[PDB]
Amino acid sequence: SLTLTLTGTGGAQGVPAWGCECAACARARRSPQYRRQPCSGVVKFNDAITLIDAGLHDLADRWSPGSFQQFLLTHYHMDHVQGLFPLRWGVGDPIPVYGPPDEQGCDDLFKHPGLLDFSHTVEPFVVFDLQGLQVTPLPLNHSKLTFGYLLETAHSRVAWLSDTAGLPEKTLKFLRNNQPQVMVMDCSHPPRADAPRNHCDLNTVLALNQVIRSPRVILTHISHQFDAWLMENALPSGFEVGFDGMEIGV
């Protein structure tokens, strides 16, 4: 059993954006299911649990020390690690934190890590094992050193690709050659005439999947402007928008 739950599907600004009265933000206030907390996921493989990123601010209420096996981080932007701060001073055994070899980290996490063990840095395209789950780091195109991950068990493959703007060539080629059955993909922006710098727009994602050919692409890291667009425009077949609490099977 490999499942993935999207615990947050937004960016740093979130939905609702603070004070915004656009159609998407008003909807999320009225109907909480449309709120989007910071982009993050929970992988359950057999008994083992991996927390992909740590942008939620209530992890300490969702989990106890030892109730999950490790963190897997994409990068050290605040919206992906701010949730580690209420955890580090906890009581319990060390908690492994797997992620890119970013030498600075975020604020004083590295200098004062508490129960978090950041020594578990990983390498592009070098597979590691999480309680049987095969994980491959994939370099992404972003303003910080950022890895996405291929997660594989028994030839079932899921790709976690946030945050990124149009994939590096080696990563694109690897994904084409290791076709994911499901790809969770940063698509912050509605379709644009130009590819944005740090996060994909819809047109970029469509272009990428013409090469990768994943049969199920789930868009995440959704901005309020993209939600507004989605309220009036349909996605093409094969693409769906993620939402907080979405459960993904294989």
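Start at 1 with the first residue shown and count on from there.
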**Report entry** Mean C-alpha B-factor comparison - 62 to 70 and 213 to 221, higher one
**Finding:** 62 to 70
Requested in this report: State which stretch shows the higher mean Cα B factor in the entry: 36 to 44 or 53 to 61.
Outcome: 53 to 61
Report summary line: Highest CA B factor of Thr153, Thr146, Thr136, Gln82, as deposited, is found at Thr153
Report task. Among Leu161, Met78, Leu109, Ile95, single out the one with the highest C-alpha B factor in the record, please. Result -> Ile95
Report summary line: Chain-relative C-alpha B factor for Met246 (record values, thirds): the middle
Report summary line: So, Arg27's CA B-factor, relative to its chain, sits in which third? The middle
Query raised in the report: By the record's CA B-factor, is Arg192 among the lowest, middle or highest third of residues in the chain?
Result: middle
Query raised in the report: In terms of the chain's CA B-factor thirds, is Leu140 lowest, middle or highest?
Result: lowest
Query raised in the report: Lowest, middle or highest third: where is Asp227 by Cα B-factor in its chain?
Result: lowest
